[PDB]
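Only one chain is shown below, in structure tokens, and it's the form solved without the ligand.
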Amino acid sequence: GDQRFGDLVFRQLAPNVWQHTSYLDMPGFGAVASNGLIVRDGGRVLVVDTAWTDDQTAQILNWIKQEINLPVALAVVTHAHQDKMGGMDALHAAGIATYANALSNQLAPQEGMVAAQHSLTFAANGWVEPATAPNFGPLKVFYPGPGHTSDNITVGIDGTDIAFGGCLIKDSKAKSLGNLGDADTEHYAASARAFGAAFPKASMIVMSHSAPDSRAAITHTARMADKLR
């Protein structure tokens, strides 16, 4: 069951995997939820995405201290929007090593974000170049192509049935793709399908702006994105 912890919500998804949820009251758009992940890998914790703010991200770290009580070895953030990178300073203040797509780090300042410390680069086929993601343990990072943004990346969790689509994927009941302000409308559908093809065994799809769903999230997202072309 959901655990309310201050203004955030935490939900266990699998034995070593939790979803974090934070909210930003965006005037004209309501209070928008954003989800990321927390993964225990043996004696350390790995984080996918910040919360919207530094204060909220510090609260994620407080929850981790309370409920897991192991060091956070690293965080990876999945593009240069506030829901994913807004809390970078809190991660740095805590001494956590941070990683993002090279392109996300390049875009960060202009998007009003602080860059991660380290840049991921990607092979032509989309898989992260392993030397740029040292000590990622079960996190398998994949660049599916431009979609929600040019820089969006995705993360599978080895040893689980879970893959994280970030803001690229919406659930199977969604009426729209959400914020397309920085989207690549021509390539979105193919990128959504490439995410699915990269993690073919994942039966639980986690995403930023919907609750976890089946792979119907991927097919429905791609089918909606077909209409953008």
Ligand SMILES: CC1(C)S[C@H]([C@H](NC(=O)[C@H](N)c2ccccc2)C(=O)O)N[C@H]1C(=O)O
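Definition used throughout: the rigid core is the maximal C-alpha set that superposes within 1.5 Å between two forms. Residues that one form lacks are left out of the comparison. Residue numbers here begin at 1 and follow the sequence given.
This next part talks about the form solved in complex with the ligand, which is not shown.
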The ligand in the deposited complex reached by all of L24, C167 and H209, non-hydrogen atom within 4.5 Å: yes
Specify the contacting stretch among 169 to 177, 38 to 46, 189 to 197, 63 to 71, defined as having any heavy atom within 4.5 Å of the ligand in the deposited complex. 169 to 177
Against the ligand in the deposited complex, would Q82 count as a contact residue? Criterion: heavy atoms within 4.5 Å. yes
Regions shifting between this form and the one not shown, defined as 3+ consecutive residues whose CA atoms all move 2 Å or more relative to the core: 26 to 30
